[PDB]
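Chains as they are written, first to last, in the deposited numbering: chain L, 829 to 877; chain P, 2 to 111, 164 to 233.
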Amino acid sequence: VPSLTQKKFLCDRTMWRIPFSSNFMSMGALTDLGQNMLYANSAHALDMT
Amino acid sequence: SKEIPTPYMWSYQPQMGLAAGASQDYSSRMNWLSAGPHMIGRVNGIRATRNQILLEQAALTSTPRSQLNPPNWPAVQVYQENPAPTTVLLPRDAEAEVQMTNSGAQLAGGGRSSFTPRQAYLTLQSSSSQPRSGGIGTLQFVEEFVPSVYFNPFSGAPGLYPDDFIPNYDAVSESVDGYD
């Protein structure tokens with residue numbers, strides 16, 4: 829019989845993580861792009877969808 | 002025979018870089034056996050020149066050392082490689098470039166840049182951190198290890214012979230590390 833495939837996953841038990849970084853690298857407690865804003869003084873908002 | 006010897010030519014080791022034990026020169030001999038007196042005194046007058054050229058070459062060129070065929074060469078007696086220090090042109094000094102992005106301007110592309170007037174460039178050492186020891190190259194074996202002309206051959210005490218002419222002999226063990 830002719831067929832077609834389906835390709836969804838499931839990854840339970842953990843959390844998605846987006847490290848607030850330049851190259852997304854966990855390089856300690858701080859991040860260089862994390863403490864980049866103290867080099868400025870911005871205090872600006874965000875939107876997520 | 003003993004007086005005008007056909008010289009011991011060495012053999013090059015490509016892996017270790019040491020001398021692979023020498024051998025009698027058996028591939029340049031004249032076939033003087035079919036010659037009367039007016040040429041066998043001329044042929045022996047030729048070999049007596051290449052046994053004198055090879056002694057006025059061994060003084061001009063080879064490093065004066067005690068152990069011919071040493072197992073571990075020192076650092077200073079081996080040709081090193083010291084090129085020029087690599088002058089690296091840094092494109093954009095980020096001490097005033099990260100301030101430009103934090104002002105709000107995203108950059109793209111890439164004096165050298167128009168927003169900053171300065172451009173520093175550094176140099177660094179291009180040689181190795183330590184000089185090299187233990188084994189000489191091919192061109193060093195071209196330079197040193199001229200064919201050793203061995204007069205009055207094998208004419209002394211055991212141990213007083215050149216034991217490194219044996220192409221199996223460890224120079225710091227007095228022994229062939231053989232099948233074990």
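A virtual CB, placed ideally from N, CA and C, is assigned to each residue, including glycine.
Please confirm whether residue i and residue j have their CB atoms less than 9 Å apart.
| i | j | result |
| --- | --- | --- |
| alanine 173(P) | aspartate 94(P) | yes |
| residue 120(P) | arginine 48(P) | Note on chain P: consecutive modelled numbers read 111 then 164, so residue 120(P) has no coordinates in the structure shown. |
| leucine 56(P) | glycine 188(P) | no |
| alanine 23(P) | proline 220(P) | yes |
| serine 166(P) | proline 92(P) | yes |
| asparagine 73(P) | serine 182(P) | no |
| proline 215(P) | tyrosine 203(P) | yes |
| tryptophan 11(P) | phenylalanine 194(P) | yes |
| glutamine 68(P) | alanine 224(P) | yes |
| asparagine 864(L) | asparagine 103(P) | yes |
| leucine 175(P) | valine 89(P) | yes |
| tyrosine 13(P) | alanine 21(P) | yes |
| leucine 861(L) | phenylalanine 848(L) | yes |
| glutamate 196(P) | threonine 62(P) | yes |
| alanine 97(P) | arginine 66(P) | no |
| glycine 212(P) | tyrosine 80(P) | no |
| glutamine 53(P) | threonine 64(P) | no |
| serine 208(P) | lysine 3(P) | yes |
Tell me where the alpha helix (DSSP H) around residue i begins and ends.
| i | result |
| --- | --- |
| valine 99(P) | 99-104 |
Where does residue i land, buried or exposed, given buried means 16+ other C-beta within 10 angstroms?
| i | result |
| --- | --- |
| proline 86(P) | exposed |
| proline 8(P) | buried |
| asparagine 205(P) | exposed |
| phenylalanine 198(P) | buried |
| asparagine 83(P) | exposed |
| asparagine 70(P) | buried |
| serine 201(P) | buried |
Based on the DSSP secondary-structure assignment, which residues constitute the bridge partners of residue i?
| i | result |
| --- | --- |
| residue 150(P) | Note on chain P: numbering goes from 111 to 164 directly, and residue 150(P) within that interval has no coordinates. |
At a cut-off of 8 Å, is residue i close to the ligand COA when judged by its beta-carbon and the heavy atoms of the ligand?
| i | result |
| --- | --- |
| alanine 109(P) | The ligand content of the structure shown is nil, which means the ligand COA is not present either. |
Which full runs of the alpha helix (DSSP H) of 4+ residues lie inside the segment 166-221 of chain P, going along the chain? Here the runs fully enclosed are 191-196.
Can you list, in chain order, the stretches of the beta strand (DSSP E) that have 3 or more residues and sit fully within the segment 10-83 of chain P? Runs found: none.
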